[PDB]
Amino acid sequence: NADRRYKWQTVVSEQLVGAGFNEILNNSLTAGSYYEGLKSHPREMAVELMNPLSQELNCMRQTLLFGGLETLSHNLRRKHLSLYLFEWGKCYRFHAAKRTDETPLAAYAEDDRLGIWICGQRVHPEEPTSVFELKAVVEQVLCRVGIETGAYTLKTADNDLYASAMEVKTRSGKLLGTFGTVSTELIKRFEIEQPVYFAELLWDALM
Amino acid sequence: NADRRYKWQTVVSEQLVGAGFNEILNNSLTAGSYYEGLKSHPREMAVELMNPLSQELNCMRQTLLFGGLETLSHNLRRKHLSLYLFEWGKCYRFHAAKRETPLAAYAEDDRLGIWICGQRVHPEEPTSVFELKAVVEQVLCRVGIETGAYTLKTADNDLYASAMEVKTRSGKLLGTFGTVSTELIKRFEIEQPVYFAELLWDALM
């Protein structure tokens, strides 16, 4: 139910704002090139527009990450020293068909996500941010919806969006999300001269 | 469901692309100033971002209209003569709740937006609201809604200079189409009539 979930959303948003965050909102339209060669979100699983105006800008996003990188790139150019951002938004993919009886792509799928970015200088002298600050806010979001630290563990991930990342996975085996340090190649691509810590939480799993 | 909704959407999209339309996709983030003064989508009904980076771009859209107007204005001023656009997307708002919560209810709904602008697609003849009416009927028919199933009634919707509501025998609103307000197309520096339909996907099926 959209109204009940929205009430929980704003409660989590209140806590992030309290921790110093800004809310952002990015187009679900994105660049196909962002996804070339990824295994975490393959280019071939992208939902493409029909007869788009641009051949470059023609995919729906599979992750919230890149909209965030763009917003970071943009705001780092404008001299923001310290960026703590979050975004609620839907993501989209095709699932590959298991059998070769119809089409290469079977189901279309969408899912709700919370994206969280910390970059630059720590808000409290020369002190940079770290992934530990991100872990701490991630843990507190889980906490705000009644998920205790004993209910899940952090495991090393193999996610090529990241240089290194932990998956948050419940005692029951529900993937809750991922957080870590965005891969070197991806941050260079968006001309970010500095590390970016990103978490992406699966809202359906937290509800 | 999403996969099923998606399957019908593409069916309709094929028909639109077949009649010359490009699919577009705009941010659900929009400018509040677009909504000042409107009765149809009042500014105060907007779902707002919390502590946004911009005091101007801080609202979620209530209609698909303005993102299209942005898109049109962007492509016209780059010498397009003819623009036929459609977009699938959610819209957002608060409304009065059911008389035990003090809070307004958040609502979201899937919509189809259709814009026609410029020279009619193949003599040098302008496009017209009648082209859009035909398209709308052809979309309705594709999802199994015969012309006898609904009527057109004159609308009072300040997004439009003039517009028609599409409504079922029972009174269910299926959508709205018409000619965009003079003041709204001037505000986006479009120098030319824009014909816009907005269909309520949830009501069609």
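Letters A, B, ... are given to chains in the order of the sequence lines, protein chains preceding strands, and every chain is numbered from 1.
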Stepwise ring-ring contact (aromatic ring centres under 6.0 Å, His included) check, A:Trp203 with A:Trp8: CA-CA 10 Å; A:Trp203 189 234; A:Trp8 284 98; 8.0 Å; no
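- Side chain to side chain, A:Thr71 and A:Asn26 meet the donor-acceptor criterion of an N or O pair below 3.5 Å.
- A 6.0 Å sphere centred on CG of B:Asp3 holds more than 12 heavy atoms belonging to other residues, nucleotides or ligands.
- For B:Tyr34 and B:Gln62, the side-chain atoms include no donor-acceptor pair closer than 3.5 Å.
- For A:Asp204 and A:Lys174, the salt-bridge test fails: no basic side-chain N is under 4.0 Å from an acidic carboxylate O.
- Side-chain polar atoms of A:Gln15 and A:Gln140 form no donor-acceptor pair below 3.5 angstrom.
- Taking NE2 of B:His80 as the start and CD of B:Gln119 as the end, the distance is 12.5 Å to the nearest 0.5 Å.
- Remark: side-chain polar atoms of B:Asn27 are paired, donor with acceptor, to backbone N or O of A:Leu25 under 3.5 angstrom.
- There is no side-chain donor-acceptor pair under 3.5 Å between A:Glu167 and A:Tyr152.
- Dense packing is recorded around CD of A:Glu185, with more than 12 heavy atoms of other residues, nucleotides or ligands lying under 6.0 Å away.
- Between B:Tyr160 and B:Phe196, the ring planes are parallel. Angles under 30° get that label, and only those over 60° would be called perpendicular.
- Taking a cutoff of 4.0 Å between a charged side-chain nitrogen and a carboxylate oxygen, B:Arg111 and B:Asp109 qualify as a salt bridge.
- Taking the six-membered ring for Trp and thresholds of 30 and 60 degrees, B:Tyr106 and A:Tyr6 have nearly parallel ring planes, at less than 30 degrees apart.
- The residues A:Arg77 and A:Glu191 are annotated as salt-bridged, a charged nitrogen and a carboxylate oxygen being separated by less than 4.0 angstrom.
- There is a side-chain donor-acceptor pair under 3.5 Å between B:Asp158 and B:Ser40.
- Without hydrogens or angle criteria, A:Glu133 side chain to A:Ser130 main chain gives a donor-acceptor distance under 3.5 Å.
- A salt bridge does not link B:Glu198 to B:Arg61: none of the charged side-chain nitrogens sits closer than 4.0 Å to a carboxylate oxygen.
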